[PDB]
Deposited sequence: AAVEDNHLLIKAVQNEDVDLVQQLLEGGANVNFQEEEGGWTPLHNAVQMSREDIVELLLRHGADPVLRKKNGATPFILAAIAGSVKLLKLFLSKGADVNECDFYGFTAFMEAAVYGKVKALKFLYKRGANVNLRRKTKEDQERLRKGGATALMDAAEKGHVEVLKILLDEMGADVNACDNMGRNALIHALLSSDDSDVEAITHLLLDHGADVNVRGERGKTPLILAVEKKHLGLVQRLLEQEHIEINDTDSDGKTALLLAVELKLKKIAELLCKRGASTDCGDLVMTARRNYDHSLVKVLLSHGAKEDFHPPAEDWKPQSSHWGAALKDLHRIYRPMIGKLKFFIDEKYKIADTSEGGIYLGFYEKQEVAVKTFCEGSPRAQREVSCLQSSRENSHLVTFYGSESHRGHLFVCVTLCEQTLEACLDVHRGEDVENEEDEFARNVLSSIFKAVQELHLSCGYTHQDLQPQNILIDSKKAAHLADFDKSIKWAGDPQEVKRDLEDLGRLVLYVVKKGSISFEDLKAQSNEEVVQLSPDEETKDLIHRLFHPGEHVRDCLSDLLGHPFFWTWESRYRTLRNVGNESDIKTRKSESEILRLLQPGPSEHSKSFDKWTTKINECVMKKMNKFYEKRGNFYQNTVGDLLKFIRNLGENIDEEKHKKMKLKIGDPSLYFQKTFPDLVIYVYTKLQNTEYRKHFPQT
């Protein structure tokens, strides 16, 4: 309803425009996006009749839009001398500029409007103004361009002749980047008139030895354009610096050779380019150009190139032998990525290619290949792009496309979970505490947690092959080409969770059971298959999360499974250290909680004990006859008591008969650690639990 007038002007519906304005429409309304008024639109369309009509209804002739452009400036873009004349009589100044420093003279040059350019010059426009813009952009070295530069960049030949021959434009003016008009023409993608423009500028004394945005000289730009005529004209300049190098340290000749340009490369050689630019001869051979090889040799090129003394050692131990080779051999670069699809550097075969060693930004990485369009390709990439903040995932370095082939670069690891615990299974013939199982599973839990909640994705392929191991040896989640977005559907989250539970049994059993048949048996057989009670209750919780399935992963990180043996020990002694349990009380809140489940390990625990240690502990209460009884409370009283004095110096006898105390109590009563946890799980008696 507020846009009616702007839209009427835009449709050039004069009758409707008249009707709206006479109806009471806001003539100076500004649309939110760019601050455009009906007048701005009328001028842009170069419709002087609509402009007049709007002005007579009280349109502000000098009202700027958001970029600071005036109707006068827009008139130059349109090329309307009539509208320029009009606004100059309405208070516009000929040298006024927008917030980016664009004057009307510049816009006429940009858009190639000759009549407007000529008119503005005679109305007193300044030809050699360098664009002044915000201090913001100026620190970037933005701004500083001129009208001559604009006409060059856009390739307006007639405008350029007029600027140089009739209007006294400074040919060698430079912007804040240091670019002159010659550089601007050669940088431009509008190549249509670049030959004429170049000759024109050079004949007017334009400087050939001036740098662009990447060390690029005019000569280097002509070489990269593969333009023989440009190179020929540029090389006629008696003082051109042929041996200048861009930001990559590459010279014009080297670039000519790499770009397979024999005629240009030979020309540079005849005009006296040095042949110590880099791998000159060997590059020509690799491109199978002996004609170019012979030319380079006669002009004195070196015959064995030893690259700069780059200090480099591979970080990987498993690879690295291969990495040293890949680092040494020649390879064409794909963007930032250097790699070779070859059996020597393949680490694994995959559905759309394989995984390969590579260097992403001089950094050693693993490279996953895809057919660029495939569903797998864009499931992996889409997931990796949305999960950069996930610390437990394999970190995403970047990707490169080549010819419909996607190369996803990713942190390089040593081996999979399978390969790792194959070795760990052969050495751990002991009944030893499995620290590795804990800090690997806790690491993977955090990956799936942030994946679901922070990244908003579901993995859908939790398996040992997809968990990679550092050289440290930390664990990381990987392979995402089977990921799905919205976790809203609980069946997808459930699918990931009951894959996690089957994975918990895998690591604890040290991989003796293959993951493929672990997925074959039900999630009820897998629970009954778990060795200790701590994993038994852990994977059971993963198969039956509470009302909020969301919270049910942070909670599990505080499960007895993740507790060390000393931690299980310390807290059992801490609960047994309750005053209500030593002075057994009927009304105790803690004692009624611990009361039962007919089948348990500790129902009559005083018989389960040795019991020569038992009688030696019972002697402490022989006076009042307060012996230990078969309650859950007195077992914890016993554990707190035993572990306390077992450090004193009259108890070496008890040390031998019990062995490690934290280990012994768990053996004879495996049911205990989980039982006390399930009970006190939501009480004030949780301070006894260890921190995380």
item: Sequence order list of spans that the model leaves without C-alpha positions, deposited numbering; value: 1-4, 601-603
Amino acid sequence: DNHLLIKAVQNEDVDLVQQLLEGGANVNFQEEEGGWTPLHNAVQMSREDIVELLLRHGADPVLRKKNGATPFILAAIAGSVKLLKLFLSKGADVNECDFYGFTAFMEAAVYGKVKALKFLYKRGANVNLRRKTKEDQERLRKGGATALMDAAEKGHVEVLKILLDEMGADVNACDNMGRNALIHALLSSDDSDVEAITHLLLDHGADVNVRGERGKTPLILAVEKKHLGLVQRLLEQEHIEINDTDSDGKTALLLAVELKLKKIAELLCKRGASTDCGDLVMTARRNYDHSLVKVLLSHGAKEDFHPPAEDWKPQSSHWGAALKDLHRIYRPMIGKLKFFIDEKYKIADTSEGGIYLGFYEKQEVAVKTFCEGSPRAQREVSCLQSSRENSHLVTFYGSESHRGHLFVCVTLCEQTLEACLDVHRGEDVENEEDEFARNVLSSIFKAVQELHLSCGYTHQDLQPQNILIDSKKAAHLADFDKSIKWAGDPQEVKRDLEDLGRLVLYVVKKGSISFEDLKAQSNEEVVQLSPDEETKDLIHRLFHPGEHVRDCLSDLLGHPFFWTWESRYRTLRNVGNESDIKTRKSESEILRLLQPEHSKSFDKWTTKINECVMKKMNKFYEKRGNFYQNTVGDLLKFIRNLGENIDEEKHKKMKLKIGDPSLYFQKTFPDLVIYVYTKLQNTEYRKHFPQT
From here on, numbers count along this sequence of modelled residues.
query: 346-354 versus 218-226 - greater average Cα B-factor per the deposited record; finding: 346-354
query: 532-540 or 132-140, whichever carries the higher mean Cα B-factor; finding: 532-540
query: Top Cα B factor in the deposited entry, candidates 389, 380, 244, 622; finding: 622
query: Top residue by Cα temperature factor, when 165, 597, 193, 266 are compared in the entry; finding: 597
query: Chain third (lowest, middle, highest) by recorded CA B-factor, residue given as residue 32; finding: middle
query: Cα B factor band for residue 491 (lowest, middle or highest third within the chain); finding: highest
query: Chain third (lowest, middle, highest) by recorded CA B-factor, residue given as residue 286; finding: lowest
query: B-factor third for the C-alpha atom of residue 15 within its chain; finding: middle
query: CA B-factor placement of residue 170, once the chain's modelled residues are sorted into thirds; finding: middle
